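S.K.: Take a look at the following structure, please.
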Amino acid sequence: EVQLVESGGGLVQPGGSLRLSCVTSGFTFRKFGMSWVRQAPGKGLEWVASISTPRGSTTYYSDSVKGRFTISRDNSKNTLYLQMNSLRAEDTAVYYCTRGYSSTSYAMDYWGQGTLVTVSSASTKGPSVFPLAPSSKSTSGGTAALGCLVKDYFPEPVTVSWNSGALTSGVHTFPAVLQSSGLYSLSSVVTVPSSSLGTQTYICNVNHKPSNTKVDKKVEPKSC
Amino acid sequence: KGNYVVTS
Amino acid sequence: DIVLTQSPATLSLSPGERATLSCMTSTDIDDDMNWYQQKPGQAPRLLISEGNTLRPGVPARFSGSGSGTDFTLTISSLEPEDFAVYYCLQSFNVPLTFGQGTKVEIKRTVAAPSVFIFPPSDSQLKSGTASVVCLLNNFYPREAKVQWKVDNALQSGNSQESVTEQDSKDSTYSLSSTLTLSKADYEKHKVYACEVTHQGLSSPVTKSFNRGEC
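Written out as structure tokens, the structure is:
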């Protein structure tokens, strides 16, 4: 089958540069038009650039990237490139290598898995983990909620489990949110029986590998 | 209106 | 630049039902309309290409119709694997432009959220900031409004929301809203409240706490 494999993505500071590569297999590369399409976090698809076949003399760009990005191809290597200069925060996205399905259209049939490009001035920082303590008003014989706030980390991702993975039912770990500071934050919560609060231990296991941060936070009723 | 080339 | 307008942004249906997805273009693009499917964490998949051409390998329940300025993707009978996001794409002209997507989601009975409010921990306050969290647990449909009130003053611009994908078992959503204040601002007020409006609640539910209480 057709395979498109992107590489060269990663973290870069605003104003900086990156070169993406896409190595293809399963078809005669020189015979097809190719495009880059990107998808910002939580957003839709946005076309970036297209290049003609065979030589790639003819190229097209979105206004968002015109003058900053350059699409090119090396047919002897089955490789498509995207040179990205003068990068900005809003260029952050998964970048997809795509194949134009016909000799006269750039409409894409096959897509790579994508490569993540993150543009940010933030430095690597591990999260602080704060308990979301179960309310002292938790209903008798009812259901209580508790969790952990994983605040101010960079870059993505962090992982969260409860009781080393033994507790999964009722757990909701929310998508991270990018704060105005440029750092991320997310909450993980779980509902448990109110009757268990005095005797069962609840620990959120947080791991942020980029900073080598590993925190286990016991979340218990607040004493008072 | 078909303002682009794929096969050059 | 040609604008593609997809509607409805969210299509709520049950397995077995017919799905109709609309894409309207700002100008006549002949029949150069293409449709994609995208599941979470996955690359898009081409379903229909220019001329409402069904791609080989795509199940027959998918079909495209329309030309000019009004296009339709029809899924004759929804399978569980069809719940996903769908994008339209015009390839008539550069720049190539996409619609903003339609999410086909699982319809179910109305489910009111349970609501919980969490004060900032003492350890966070010691750090210099205060985060107040409000949890809406297991609700449907998706539309939900959270309004923060501090000593009864409606807050604006100082909260952020996040939502889970539909639960695989009960098809509900969960949502967290976080109100962020400076330690100083936090300590000059008493009553913190989160007011939740949802179709499943006959009237808005408010959870609250007083600073410095157990």
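Residue numbers (my numbering), protein chains in the order written: chain A, 47 to 270; chain B, -18 to -11; chain C, 855 to 1068.
Built from N, CA and C at the ideal position, the CB exists for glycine as well.
Alpha carbon to alpha carbon, what distance is there between C/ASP885 and C/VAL948?
M.R.: The sequence position of residue 948 of chain C within the third sequence is 94, counting from 1. The sequence position of residue 885 of chain C within the third sequence is 31, counting from 1. Distance between the alpha carbons of C/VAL948 and C/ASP885 is about 15 Å.
S.K.: Keeping to the same chain, check which residues put their C-beta closer than 7 Å to that of C/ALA965; ignore five residues upstream and five downstream.
M.R.: In the third sequence, residue 965 of chain C corresponds to position 111, counting from 1. Cβ neighbours of C/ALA965 beyond the five flanking positions: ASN992, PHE993, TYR994, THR1026 and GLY1054.
S.K.: What's the gap between the Cα of C/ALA1007 and the Cα of C/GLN1001?
M.R.: Residue numbering aside, residue 1007 of chain C sits at position 153 when the third sequence is read from its first letter. Residue numbering aside, residue 1001 of chain C sits at position 147 when the third sequence is read from its first letter. Their Cα atoms are separated by approximately 10 Å.
S.K.: Any C-beta of chain B within less than 8 Å: which residues of the region 935 to 959 of chain C qualify?
M.R.: Of all residues in the region 935 to 959 of chain C, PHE946, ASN947 and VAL948 have a Cβ within less than 8 Å of some Cβ in chain B.
S.K.: Assign C/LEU950 to one of three DSSP states: helix, strand, or coil.
M.R.: Counting from one through the third sequence, the residue named residue 950 of chain C turns up at place 96. If DSSP states are grouped into helix, strand and coil, C/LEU950 belongs with coil.
S.K.: With DSSP collapsed to three states, give me the class of A/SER67.
M.R.: Counting from one through the first sequence, the residue named residue 67 of chain A turns up at place 21. In the structure shown, A/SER67 sits in a strand (DSSP, three-state: E or B).
S.K.: With a cut-off of 8 Å on the beta carbons, I'd call C/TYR940 and C/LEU927 a contact; round off their distance for me.
M.R.: Position 86 of the third sequence holds residue 940 of chain C. Position 73 of the third sequence holds residue 927 of chain C. Yes, C/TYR940 and C/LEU927 are in contact; Cβ-Cβ is about 6 Å, under 8 Å.
S.K.: Given C/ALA863, which residues of its chain have a CB within under 8 Å of its CB, disregarding the five upstream and five downstream residues?
M.R.: Residue 863 of chain C sits at position 9 when you count from the first residue of the third sequence. Excluding residues within five positions, the ones whose Cβ falls inside 8 Å are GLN954, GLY955, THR956 and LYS957.
S.K.: Please classify A/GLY211: does DSSP put it in a helix, a strand, or coil?
M.R.: In the first sequence, the residue the question calls residue 211 of chain A occupies position 165. Correct three-state label for A/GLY211: helix.
S.K.: Would you say C/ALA1038 reaches chain A, if we count a Cβ-Cβ gap shorter than 8 Å as a contact?
M.R.: To locate residue 1038 of chain C, count along the third sequence from 1; it is residue 184. Taking Cβ atoms only, chain A never reaches closer than 8 Å to C/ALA1038, which makes this a no.
S.K.: Within its chain, find whatever has a CB closer than 7 Å to the CB of C/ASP882; leave out the 5 residues flanking it on each side and keep chain order.
M.R.: Numbered from 1 along the third sequence, position 28 holds the residue referred to as residue 882 of chain C. Once the five neighbours on either side are set aside, the close Cβ partners of C/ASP882 are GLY922 and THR923.
S.K.: Determine which residues share a DSSP beta bridge with C/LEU908 and list them.
M.R.: Position 54 of the third sequence, counting from 1, holds the residue named residue 908 of chain C. Answer by DSSP bridge pairing, in chain order: C/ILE902.
S.K.: Under the three-state reduction of DSSP, which class applies to A/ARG145: helix, strand or coil?
M.R.: Residue mapping note: residue 145 of chain A aligns to position 99 of the first sequence, counting from 1. In this structure, A/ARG145 counts as strand in the three-state DSSP scheme.
S.K.: Using a Cβ-Cβ cut-off of 8 Å, state whether C/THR1032 counts as contacting chain A.
M.R.: For the purposes of this step, residue 1032 of chain C is taken as the residue at position 178 of the third sequence. Chain A contact via Cβ: present.
S.K.: Taking the beta carbon of C/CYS1068 as the centre, do at least 16 other beta carbons fall within 10 Å, making it buried, or is it exposed?
M.R.: Stepping through the third sequence from its first residue, residue 1068 of chain C is reached at position 214. Exposed, because fewer than 16 other Cβ atoms sit within 10 Å of the Cβ of C/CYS1068.
S.K.: Please state whether the Cβ-Cβ distance between A/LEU66 and A/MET154 is less than 8 Å.
M.R.: As a working mapping, residue 66 of chain A is identified with position 20 in the first sequence. As a working mapping, residue 154 of chain A is identified with position 108 in the first sequence. Cβ atoms of A/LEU66 and A/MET154: not closer than 8 Å.
S.K.: State yes or no: is the beta carbon of A/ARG145 nearer than 8 Å to at least one beta carbon in chain B?
M.R.: As a working mapping, residue 145 of chain A is identified with position 99 in the first sequence. Closer than 8 Å: no.
S.K.: Shorter than 8 Å from the beta carbon of A/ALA191 to some beta carbon of chain C?
M.R.: Residue numbering aside, residue 191 of chain A sits at position 145 when the first sequence is read from its first letter. Closer than 8 Å to some Cβ of chain C, the Cβ of A/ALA191 qualifies, so yes.
S.K.: Roughly how many angstroms lie between the CA atoms of A/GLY79 and A/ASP120, to the nearest whole one?
M.R.: For the purposes of this step, residue 79 of chain A is taken as residue 33 along the first sequence, with counting starting at 1. For the purposes of this step, residue 120 of chain A is taken as residue 74 along the first sequence, with counting starting at 1. Distance between the alpha carbons of A/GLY79 and A/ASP120: 13 Å.
S.K.: Who are the Cβ neighbours of A/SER210 in its own chain at under 7 Å, not counting the five residues just before and after it?
M.R.: As a working mapping, residue 210 of chain A is identified with position 164 in the first sequence. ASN251, listed in sequence order.
S.K.: For a contact meaning CB atoms closer than 7 Å, what does A/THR104 contact in chain B?
M.R.: Your numbering for residue 104 of chain A matches position 58 in the first sequence. Those within 7 Å of A/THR104 in chain B are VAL(-14) and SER(-11).
S.K.: What residues in the region 985 to 996 of chain C have a beta carbon less than 9 Å from any beta carbon of chain A?
M.R.: Those would be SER985, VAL987, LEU989, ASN991 and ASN992, in chain order.
S.K.: Is the region 126 to 146 of chain A close to the region 75 to 89 of chain A, with three or more CB pairs under 8 Å?
M.R.: Contact between the region 126 to 146 of chain A and the region 75 to 89 of chain A is present, because at least three Cβ pairs lie under 8 Å.
S.K.: Suppose contacts are defined by Cβ-Cβ distances below 8 Å. Is C/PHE946 in contact with A/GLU92 by that definition?
M.R.: If you number the third sequence from 1, residue 946 of chain C lands on position 92. If you number the first sequence from 1, residue 92 of chain A lands on position 46. In this structure, A/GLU92 does not lie closer than 8 Å to C/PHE946 by Cβ.
S.K.: Going residue by residue through the region 131 to 190 of chain A, where are the continuous beta strand (DSSP E) segments of at least 3 residues, counting only ones entirely within it?
M.R.: 139 to 148, 151 to 157, 161 to 165 and 174 to 178, all fully within the region 131 to 190 of chain A.
S.K.: Which first and last residues belong to the alpha helix (DSSP H) in which C/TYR1040 is found?
M.R.: Counted from its first residue, the third sequence places residue 1040 of chain C at position 186. From DSSP, the alpha helix (DSSP H) with C/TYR1040 extends over 1037 to 1040.
S.K.: In chain B, which residues lie with their C-beta within 9 Å of the C-beta of A/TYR107?
M.R.: For the purposes of this step, residue 107 of chain A is identified with residue 61 of the first sequence, where counting begins at 1. The premise fails here: A/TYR107 is roughly 12 Å from chain B at the closest Cβ pair, so nothing lies under 9 Å.
S.K.: Could you tell me the distance, in whole angstroms, from the CA atom of A/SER207 to the CA atom of A/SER96?
M.R.: The count along the first sequence starts at 1 and reaches residue 207 of chain A at position 161. The count along the first sequence starts at 1 and reaches residue 96 of chain A at position 50. One C-alpha to the other measures close to 42 Å.
S.K.: Helix or strand or just coil, what does DSSP make of A/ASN121?
M.R.: Your numbering for residue 121 of chain A matches position 75 in the first sequence. In the structure shown, A/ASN121 sits in a helix (DSSP, three-state: H, G or I).
S.K.: Considering only residues of the region 215 to 266 of chain A, which uninterrupted alpha helix (DSSP H) runs meet the minimum length of 4 residues and lie entirely inside it, listed in chain order?
M.R.: Within the region 215 to 266 of chain A, no complete alpha helix (DSSP H) run reaches 4 residues.
S.K.: Using 8 Å for Cβ pairs, my map puts A/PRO173 next to A/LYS263. What's the rounded Cβ distance?
M.R.: Position 127 of the first sequence, counting from 1, holds the residue named residue 173 of chain A. Position 217 of the first sequence, counting from 1, holds the residue named residue 263 of chain A. No, A/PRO173 and A/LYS263 are not in contact; Cβ-Cβ is about 11 Å, not under 8 Å.
S.K.: Are the Cβ atoms of C/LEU989 and C/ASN1012 separated by less than 8 Å?
M.R.: Walking along the third sequence from the start, residue 989 of chain C turns up at place 135. Walking along the third sequence from the start, residue 1012 of chain C turns up at place 158. No, these two residues do not count as a Cβ contact at 8 Å.
S.K.: Look up C/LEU979 in the DSSP assignment and say whether it is helix, strand or coil.
M.R.: If you number the third sequence from 1, residue 979 of chain C lands on position 125. It is helical.
S.K.: To the nearest angstrom, how far is it from the Cα of A/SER234 to the Cα of C/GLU1015?
M.R.: The sequence position of residue 234 of chain A within the first sequence is 188, counting from 1. The sequence position of residue 1015 of chain C within the third sequence is 161, counting from 1. Cα-Cα distance, rounded: 13 Å.
S.K.: Run through the DSSP bridge pairs and tell me what C/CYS942 is partnered with.
M.R.: For the purposes of this step, residue 942 of chain C is identified with residue 88 of the third sequence, where counting begins at 1. DSSP output for C/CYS942 lists C/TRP889 as bridge partner(s).
S.K.: Do you know how far the Cα of C/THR1060 is from the Cα of A/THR245?
M.R.: On the first sequence, position 199 is the one that residue 245 of chain A refers to. On the third sequence, position 206 is the one that residue 1060 of chain C refers to. A/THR245 and C/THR1060: Cα-Cα distance of roughly 29 Å.
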